[PDB]
Amino acid sequence: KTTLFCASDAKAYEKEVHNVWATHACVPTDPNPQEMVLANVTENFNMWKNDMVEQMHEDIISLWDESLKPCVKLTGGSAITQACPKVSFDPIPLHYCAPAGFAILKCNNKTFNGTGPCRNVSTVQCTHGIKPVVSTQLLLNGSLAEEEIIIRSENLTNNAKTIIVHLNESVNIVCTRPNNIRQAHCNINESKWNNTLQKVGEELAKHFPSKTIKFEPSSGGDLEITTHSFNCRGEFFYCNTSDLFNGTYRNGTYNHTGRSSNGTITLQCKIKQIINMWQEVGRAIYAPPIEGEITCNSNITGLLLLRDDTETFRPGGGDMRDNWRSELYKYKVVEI
Ligand SMILES: NC(=[NH2+])NC[C@H]1Cc2ccccc2[C@@H]1NC(=O)C(=O)Nc1ccc(Cl)c(F)c1
Ligand SMILES: *[C@@H]1O[C@H](CO)[C@@H](O)[C@H](O)[C@H]1NC(C)=O
Ligand SMILES: *[C@@H]1O[C@H](CO)[C@@H](O)[C@H](O)[C@H]1NC(C)=O
Ligand SMILES: *[C@@H]1O[C@H](CO)[C@@H](O)[C@H](O)[C@H]1NC(C)=O
Ligand SMILES: *[C@@H]1O[C@H](CO)[C@@H](O)[C@H](O)[C@H]1NC(C)=O
Ligand SMILES: *[C@@H]1O[C@H](CO)[C@@H](O)[C@H](O)[C@H]1NC(C)=O
Ligand SMILES: *[C@@H]1O[C@H](CO)[C@@H](O)[C@H](O)[C@H]1NC(C)=O
Ligand SMILES: *[C@@H]1O[C@H](CO)[C@@H](O)[C@H](O)[C@H]1NC(C)=O
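The sequence shown stops at residue 338 when you use my numbering, and every number in between is there.
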């Protein structure tokens with residue numbers, strides 16, 4: 003183990019909260035980072051048991067703690083209140099670096115699925131730039147798989163283990179609350195989504211011999227996980243995906259059965275004030291949404307799934323440590 007530090011291009015003149023936090027909590031990234039390629043070496047990685055994930059998790063928690071102040075914060079029977087000003091919120095890439103005396107192993111096997119042996123290895127001082135994007139169901143503004151779609155699980159046969167799909171082509175998603183002040187919506191091109199679930203259906207079909215692979219909405223639970231929740235400019239969006247995860251893959255073909263219109267799937271969204279915290283068990287209450295057009299144009303770079311004659315997969319999430327995993331799976335902290 004170690005104590006990693008972070009590096010970023012945070013502007014000290016920037017009011018945006020990620021910048022304000024990184025400037026005081028992080029170090030300036032290196033303008034030209036080099037890696038140290040290695041042959042005749044193979045190392046084992048376990049994305050599911052990586053301490054780097056917990057360290058980033060802890061930073062993002064303190065980053066949010068300092069950045070997003072909820073009016074009220076309830077933990078059972080006790081409540082804390084404070085000023086909760088609206089802020090400039092837009093994630094920036096964070097780099098994680100090993101201190102003097104340690105390094106960071108980097109798997110270069112472009113098909114490596116997070117766990118097991120990795121032949122093509124390398125050594126770096128810092129990870130690549132990772133946007134600490136908090137969301138469920140859909141992974142946003144992340145990196146793409148270089149060659150084909152990659153299915154990641156701590157155990158695939160264990161239907162309780164979250165599955166991380168690493169897309170090799172991003173699907174664009176635009177969410178907007180137009181200038182009901184809490185009513186918003188997202189647009190997704192159905193063509194891109196059809197192709198996405200077609201491929202994803204194939205990669206899954208593999209792993210699961212010959213079964214009718216269905217995609218359905220989250221069976222139930224808190225809104226944070228039964229919908230695609232995320233933060234857009236500080237506002238907490240909860241977007242319905244019952245028309246997104248709605249289809250079936252059989253006989254090597256995908257059929258989207260979710261509603262769509264002129265080739266665009268739209269998610270009905272709801273900007274909420276009361277939010278079940280991901281940082282800890284509790285509820286945070288924020289002020290009503292700011293005025294004007296609130297829009298976030300993002301890229302879907304991965305999916306979070308949970309499997310139930312037909313296998314059924316549903317959108318998952320909730321443990322933000324999986325969001326960090328989807329980018330940190332390549333890395334491993336090692337000693338010198
Ligand atoms: N209920 C809570 N108190 N905390 C528990 C977390 C941890 C966990 C693990 C699995 C499934 C769900 C959860 C709980 N997660 C959240 O409530 C959650 O993820 N909330 C959240 C909150 C805001 C945004 Cl933008 C978002 F994407 C998510
Ligand atoms: C990923 O690859 C490893 C070998 O490195 C294998 O043991 C494991 O079953 C694979 N995981 C999945 C879910 O396909
Ligand atoms: C993306 O990955 C999927 C994996 O199933 C593959 O089918 C598709 O051809 C890939 N696209 C590329 C490599 O351009
Ligand atoms: C994964 O889960 C299945 C079913 O729960 C179990 O039989 C299997 O032992 C698990 N695999 C590992 C390597 O733990
Ligand atoms: C999503 O929208 C559908 C269609 O109205 C609805 O049936 C379902 O209850 C919604 N899901 C959630 C989590 O509210
Ligand atoms: C698929 O979408 C349709 C149209 O919105 C909806 O009526 C149906 O309930 C969905 N199927 C599910 C939720 O599995
Ligand atoms: C995918 O969606 C597009 C856009 O509406 C549509 O033209 C096409 O028929 C769909 N194909 C599949 C496989 O669902
Ligand atoms: C994703 O990145 C884009 C480009 O910077 C940004 O406009 C968008 O708001 C981001 N989405 C989220 C959810 O942070």
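Idealized CB from N, CA, C, for every residue including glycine.
Rounded C-alpha distance that separates residue i from residue j
i           : j    : result
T314        : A100 : 41 Å
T117        : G294 : 45 Å
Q270        : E192 : 15 Å
residue 425 : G304 : Absent from the model: residue 425. The displayed extent of the chain is 3 to 338, so no value can be given.
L107        : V167 : 23 Å
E337        : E205 : 36 Å
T243        : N174 : 15 Å
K194        : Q200 : 10 Å
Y288        : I227 : 19 Å
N110        : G318 : 28 Å
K112        : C120 : 10 Å
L307        : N161 : 10 Å
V74         : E148 : 43 Å
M54         : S64  : 16 Å
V176        : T312 : 32 Å
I183        : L70  : 20 Å
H59         : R323 : 6 Å
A12         : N301 : 22 Å
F47         : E282 : 28 Å
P134        : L330 : 11 Å
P219        : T229 : 8 Å
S328        : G144 : 8 Å
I165        : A286 : 28 Å
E16         : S221 : 42 Å
Residue range of the unbroken alpha helix (DSSP H) whose run includes residue i
i    : result
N325 : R323 to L330
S193 : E192 to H209
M54  : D53 to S69
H130 : Element bounds for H130: n/a, residue is neither H nor E.
Range covered by the beta strand (DSSP E) that runs through residue i
i    : result
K272 : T266 to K272
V336 : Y333 to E337
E171 : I165 to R179
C86  : Counting along the chain, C86 falls outside any beta strand (DSSP E), and DSSP gives it neither H nor E.
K3   : From DSSP, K3 is part of no beta strand (DSSP E); its letter is neither H nor E.
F104 : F104 to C109
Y98  : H97 to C99
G79  : That residue, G79, is in no beta strand (DSSP E); it is neither H nor E in DSSP.
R285 : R285 to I287
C120 : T117 to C120
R261 : Where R261 is concerned, there is no enclosing beta strand (DSSP E), given that its DSSP letter is neither H nor E.
Beta-carbon separation (whole angstroms), residue i vs residue j, contact threshold 8 Å
i    : j    : result
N325 : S172 : Going by Cβ atoms, the distance from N325 to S172 rounds to 16 Å, so no, they are not a contact pair.
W280 : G236 : Actually they do not touch by this definition, with Cβ atoms about 15 Å apart.
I94  : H20  : 5 Å
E45  : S124 : So it is not a contact: roughly 10 Å between Cβ atoms.
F239 : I273 : 6 Å
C234 : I296 : 6 Å
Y98  : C241 : Their Cβ separation, rounded to whole angstroms, is 30 Å, which puts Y98 and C241 out of contact at 8 Å.
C128 : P35  : 6 Å
Identity of the residues DSSP links to residue i by a beta bridge
i    : result
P317 : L307
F91  : Answer by DSSP bridge pairing: none, since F91 is not bridged.
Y256 : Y251
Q185 : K272
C298 : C177
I152 : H168
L142 : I302
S124 : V39 and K108
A9   : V29 and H97
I277 : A286
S137 : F232
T312 : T214
Residue-level contact to chain D via CB, residue i, 9 Å cutoff
i   : result
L40 : In the structure shown, chain D cannot be found, because there is only a single protein chain.
Q) Which runs of the beta strand (DSSP E) spanning at least 3 residues fall entirely within the region 215-247, listed in chain order? A) 230-234 and 237-241
**Q.** Length-filtered (4 minimum) alpha helix (DSSP H) runs lying within the region 15-48
**A.** Runs of the alpha helix (DSSP H) lying entirely within the region 15-48 and spanning at least 4 residues, in chain order: 19-27.
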